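First the structure, in the form of structure tokens, and then the observations on it.
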Amino acid sequence: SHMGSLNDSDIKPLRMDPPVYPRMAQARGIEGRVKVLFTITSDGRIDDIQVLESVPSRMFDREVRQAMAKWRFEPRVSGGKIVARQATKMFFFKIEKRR
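When you line the sequence shown up against PDB author numbering, it's residues 244 to 342, in that order.
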């Protein structure tokens with residue numbers, strides 16, 4: 244696809260703090276997954292975040308769009324500028340107990 248990635252060589256990550264597991268889903272016993280599209284920004288942010296698939300529900304989607312709104316990048320060259328680019332991500336949500 245004519246688009247970028249988080250794994251791009253022209254950049255390096257600064258902050259990547261993972262999404263919360265929503266406690267009400269843990270306490271009932273729900274696993275899931277969420278597939279998402281976004282713009283990586285010129286200021287090294289994430290913006291224009293939107294869903295492509297959500298499992299079993301938006302329960303996880305709401306936390307992912309709020310977590311990625313914290314994340315940050317820097318250019319690979321210290322004198323360089325980041326280009327804004329489209330990218331995608333597949334989140335896997337699963338409980339830390341054998342079943």
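The C-beta atom is built at its ideal place from N, Cα and C for all residues, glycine as well.
Burial check for residue 317: the Cβ neighbour count within 10 Å stays below 16, so the residue is exposed. Beta-bridge pairing by DSSP links residue 287 to no other residue.
Beta-bridge partners assigned by DSSP to residue 256: 316. Within 10 angstroms of the beta-carbon of residue 339 lie fewer than 16 other beta-carbons, which makes it exposed. Across the structure, residue 298 and residue 323 are spaced so that their CA atoms are roughly 39 Å apart. Residue 257 and residue 315 have their C-alpha atoms roughly 5 Å apart.
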